Visitor: 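Shown below is the structure under consideration.
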Amino acid sequence: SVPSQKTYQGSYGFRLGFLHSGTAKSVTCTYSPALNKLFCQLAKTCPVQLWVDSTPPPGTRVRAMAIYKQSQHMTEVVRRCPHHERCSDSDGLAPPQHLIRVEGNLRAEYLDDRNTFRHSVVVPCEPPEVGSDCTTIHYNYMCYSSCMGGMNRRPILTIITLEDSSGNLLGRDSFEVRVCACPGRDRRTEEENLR
Ligand SMILES: CN(C)CCn1cc(-c2ccc(F)cc2)c(-n2cccc2)n1
Ligand SMILES: [Zn+2]
């Protein structure tokens, strides 16, 4: 009833990477290594790098899923709030209920799990562009952490899994996410609080 969040590099040495975007007031997406936490604005591009030591087989896929970080909420499906699920902002592929979208990939598939009811979005693994050392996926988060009747100020984690063609686990990584109006300020504040 709860997806594992255990970091697992697996046989291919799978792990995530994030850009270094800084904490200026104007920043739209920024990652804190000290907090393992991504801060982003609503519906803005979040670049996430996929790193491997060796190339996985054809048919390998990468899935993203959100869960609540606090144990007492972890069995609750993370979904868009009653306002955002009804705002008709679909890209024609993502169901309006899904928090996490993949941007600019027509091969993205959205799953409503028939047993757990959890949402996820999965894309085929593709080779890096010539000249690049990793592949990047662009995610969007479609509700604020503060949305009432949705996340309602509760922190979430995104779990990224590398899967074979049957959906079996090959690798796993994860990060906390806060979707907020001013990611730069919030990252600075939370990093100061930690210190
Ligand atoms: C070590 N270097 C060479 C890795 C380059 N790379 C190939 C794939 C790759 C290429 C084709 C395919 F079918 C599956 C993975 C991939 N990758 C990993 C996650 C998502 C893409 N990275
Ligand atoms: Zn919302």
Side-chain angles (χ1 to χ4, degrees), residues 7-19 38-44 46-68 73 76-91 94-109 119-156 158-175 177-183 186:
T7 299
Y8 173 58
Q9 289 210 348
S11 305
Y12 304 102
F14 177 71
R15 72 281 187 180
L16 304 175
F18 298 87
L19 303 178
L38 185 70
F39 297 78
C40 61
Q41 287 176 349
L42 177 69
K44 303 286 186 175
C46 299
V48 177
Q49 302 176 328
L50 310 177
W51 290 92
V52 290
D53 292 326
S54 57
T55 303
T60 302
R61 302 204 293 176
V62 177
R63 184 179 305 276
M65 180 185 289
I67 63 167
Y68 287 111
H73 298 297
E76 181 176 334
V77 172
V78 178
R79 58 171 61 260
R80 294 180 87 192
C81 75
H83 166 67
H84 282 117
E85 76 168 5
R86 298 183 65 242
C87 75
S88 302
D89 58 4
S90 87
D91 52 14
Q97 303 95 322
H98 283 219
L99 177 69
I100 305 178
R101 298 184 184 174
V102 167
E103 194 172 7
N105 189 334
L106 295 178
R107 303 174 71 195
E109 297 180 3
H119 306 161
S120 61
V121 56
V122 59
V123 298
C125 295
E126 294 159 351
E129 305 298 309
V130 168
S132 289
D133 294 316
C134 69
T135 292
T136 300
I137 299 180
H138 299 102
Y139 291 109
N140 298 157
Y141 291 83
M142 304 301 303
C143 260
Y144 288 111
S145 292
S146 65
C147 279
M148 296 304 291
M151 290 181 282
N152 188 24
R153 304 184 301 273
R154 299 174 285 180
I156 60 159
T158 298
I159 302 167
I160 307 295
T161 48
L162 188 70
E163 297 179 345
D164 69 18
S165 61
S166 289
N168 303 308
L169 176 73
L170 300 176
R172 189 187 298 107
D173 202 345
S174 65
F175 53 99
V177 180
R178 175 179 172 76
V179 189
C180 55
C182 194
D186 290 352

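In listed order, ligands and their atoms are each counted from 1. One is the number of the first residue; the rest follow in order along the sequence.
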Visitor: For a distance under 2.8 Å, give residue and atom name for each protein N, O or S atom next to the Zn ion (ligand 2).
Guide: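 Near the Zn ion (ligand 2), the protein supplies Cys81 SG, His84 ND1, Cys143 SG, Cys147 SG.
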
Visitor: Can you name the nearest heavy-atom pair linking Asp133 to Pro128, along with the distance?
Guide: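 So the minimum-distance heavy-atom pair works out to C-CG, 4.4 Å.
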
Visitor: Which of these passes side chain to side chain contact (heavy atoms under 4.5 Å, CB included) with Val123: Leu50, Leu106, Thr135, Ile137?
Guide: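 When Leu50, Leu106, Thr135, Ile137 are each tested with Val123, the side chain to side chain contact (heavy atoms under 4.5 Å, CB included) holds only for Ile137.
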
Visitor: Would you sort out whether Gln97 and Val77 count as a side-chain contact (heavy atoms from CB on, under 4.5 Å), showing the intermediate values?
Guide: CA-CA 11 Å; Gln97 303 95 322; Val77 172; over 6 Å; no

Visitor: So which protein residues pack against ligand 1 under 4.0 Å, heavy atoms counted?
Guide: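 For ligand 1, the residues that come within the 4.0 Å heavy-atom cutoff are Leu50, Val52, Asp53, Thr55, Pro56, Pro57, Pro58, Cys125, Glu126, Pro127, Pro128, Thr135.
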
Visitor: Please identify each residue that fulfils ring-ring contact (aromatic ring centres under 6.0 Å, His included) with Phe18, with sequence neighbours left out.
Guide: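 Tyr31, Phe175.
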
Visitor: Once salt bridge (charged side-chain N to carboxylate O under 4.0 Å, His left out) is applied, what residue pairs with a partner in residues 135-144 remain, sequence neighbours excluded?
Guide: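 Sorted result for residues 135-144: empty, none.
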
Visitor: How about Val177 and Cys40: do any of their side-chain heavy atoms sit closer than 4.5 Å?
Guide: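 Of all side-chain heavy-atom pairs linking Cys40 with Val177, at least one is under 4.5 Å.
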
Visitor: Under a plain distance cut-off of 3.5 Å, with no hydrogens placed, do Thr158 and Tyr141 share a side-chain donor-acceptor pair?
Guide: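 There is such a pair (donor and acceptor under 3.5 Å, judged by atom type) between the side chains of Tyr141 and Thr158.
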
Visitor: Taking all non-hydrogen atoms of both residues, which atom of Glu85 and which atom of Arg80 are closest, and how far apart?
Guide: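 Taking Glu85 first and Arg80 second, the nearest heavy atoms are N-CB, 4.1 Å.
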
Visitor: Considering all heavy atoms of both residues, which atom of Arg63 and which atom of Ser120 are nearest to each other, and what is their separation?
Guide: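 Scanning both residues completely, I find the closest heavy atoms to be NH1-OG, 2.9 Å.
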
